[PDB]
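Presented below, as structure tokens, is a lone chain in the form deposited in one PDB entry.
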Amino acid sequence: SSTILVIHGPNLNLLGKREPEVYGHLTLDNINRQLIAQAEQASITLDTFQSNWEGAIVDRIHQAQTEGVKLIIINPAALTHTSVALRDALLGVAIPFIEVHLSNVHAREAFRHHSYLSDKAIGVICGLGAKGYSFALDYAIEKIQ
């Protein structure tokens, strides 16, 4: 076993609401099951977390260090542009991470072009929807096994 932790930032729980025509058929829950199954197939243990509170996410990352997590896949969402605390949490624990965004962040408002995490991440994926998570997982698996 070699645990991988997936973290979802604020507002991701909004999943899929008013489904036709607001780019949300699938729900976070759907994304998590898919990921757990994908990890399940490669004999790797995988946990997922989400919260709208920054502190909750930071506490989770610390817990991850004590639990021997080898790699974090994180979609910080809004936090990417605002939280240095989150960056320090990932740096302080020294667990390698991949940053994931569903939507293309560079196609949005200018303040969305700045990240406190990207420069320290192994790699980033943006705009490929939920597949982005899958791709990150696939990479993370090769990296360990």
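Shifts are known only where both forms have a C-alpha. One rule holds for the numbers: they count along the sequence shown, beginning at 1. Just so we're on the same page, rigid core means the largest C-alpha set that superposes within 1.5 Å between forms.
The same protein has a further form, the form deposited in another entry, not shown here; the description that follows concerns it.
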| query | finding |
| --- | --- |
| Direction of C-alpha distance change in the other form, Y23 to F135 (at least 3 Å) | farther |
| Cα-Cα shift for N11 and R18, closer or farther in the other form, minimum 3 Å | closer |
| Segments displaced between this form and the one not shown (3 or more residues, each Cα shift of 2 Å or more, core-superposed) | 17 to 24 |
